[PDB]
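K.L.:
Input: one structure, supplied below.
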Amino acid sequence: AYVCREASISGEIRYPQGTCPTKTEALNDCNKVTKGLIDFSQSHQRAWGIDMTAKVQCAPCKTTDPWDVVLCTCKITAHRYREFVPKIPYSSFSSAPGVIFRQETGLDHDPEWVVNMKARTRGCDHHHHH
Numbered sequence: 019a020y021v022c023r024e025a026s027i028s029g030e031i032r033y034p035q036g037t038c039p040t041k042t043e044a045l046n047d048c049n050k051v052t053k054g055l056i057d058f059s060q061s062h063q064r065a066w067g068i069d070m071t072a073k074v075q076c077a078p079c080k081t082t083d084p085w086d087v088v089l090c091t092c093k094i095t096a097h098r099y100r101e102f103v104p105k106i107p108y109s110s111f112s113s114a115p116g117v118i119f120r121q122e123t124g125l126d127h128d129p130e131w132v133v134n135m136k137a138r139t140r141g142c143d144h145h146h147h148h
């Protein structure tokens, strides 16, 4: 009888010195995270649901500079995230498989689930036809 919410988590993925990923590659890595969190959610009473989708945003590469480190920002959104279930800290999944994004340059707290209060509540289970 519970209702769920949309929630997001953002994190940073850094690429090797002197390299430059395609946008497709960056999003692909970011979807490894997505897949990671789905497995963790799944083996934790579906705290976050199974419906997750990722977008990513990178800094331009510096074709001139040979040291440049490309910082990608990876944003995962859980569409059926459980507010009533206690929040799960980054400390509990920073090492889970696929979970390769880290704390963001410039920020002083770690990546964290942020519930979107503006968005409407939805059911926690997805009905394909109902």
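Residues in the sequence shown are numbered from 19 upward in steps of one, following the authors' numbering. All C-beta atoms in this analysis are idealised placements derived from N, C-alpha and C, irrespective of residue type, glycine included.
Can you tell me where the beta strand (DSSP E) with residue 89 in it begins and where it stops?
P.N.:
89-99
K.L.:
Quick test of the definition: if touching needs 3 or more C-beta pairs under 8 Å, does the region 112-127 touch the region 23-38?
P.N.:
A contact between stretches requires three or more CB pairs, one per stretch, nearer than 8 Å, and the region 112-127 meets this requirement with the region 23-38.
K.L.:
Whole angstroms are fine: how far does the CA of residue 54 sit from the CA of residue 74?
P.N.:
16 Å
K.L.:
Use the C-beta contact count for residue 52: other C-beta atoms within 10 angstroms, 16 or more gives buried, fewer gives exposed.
P.N.:
buried
K.L.:
Quick check: the region 56-73 against the region 103-110, are there 3 or more CB pairs under 8 Å?
P.N.:
yes
K.L.:
Between residue 64 and the ligand NAP, is there a pair consisting of the residue's CB and a ligand heavy atom that are separated by less than 7 Å?
P.N.:
Looking at this structure, you won't find the ligand NAP or any other ligand, since it has none at all.
K.L.:
Would you give the residue range spanned by the beta strand (DSSP E) that residue 51 belongs to?
P.N.:
Unbroken run through residue 51 is the alpha helix (DSSP H), 41-60; no beta strand (DSSP E).
K.L.:
Just the Cα atoms here: how many angstroms apart are residue 40 and residue 19?
P.N.:
44 Å
K.L.:
Alpha carbons only, please: which of 64, 143, 132 and 42 is nearest the one belonging to residue 95?
P.N.:
The option with the nearest alpha carbon to residue 95 is 132.
K.L.:
Return yes when the Cβ of residue 117 is within less than 8 Å of the Cβ of residue 33, no when it is not.
P.N.:
no
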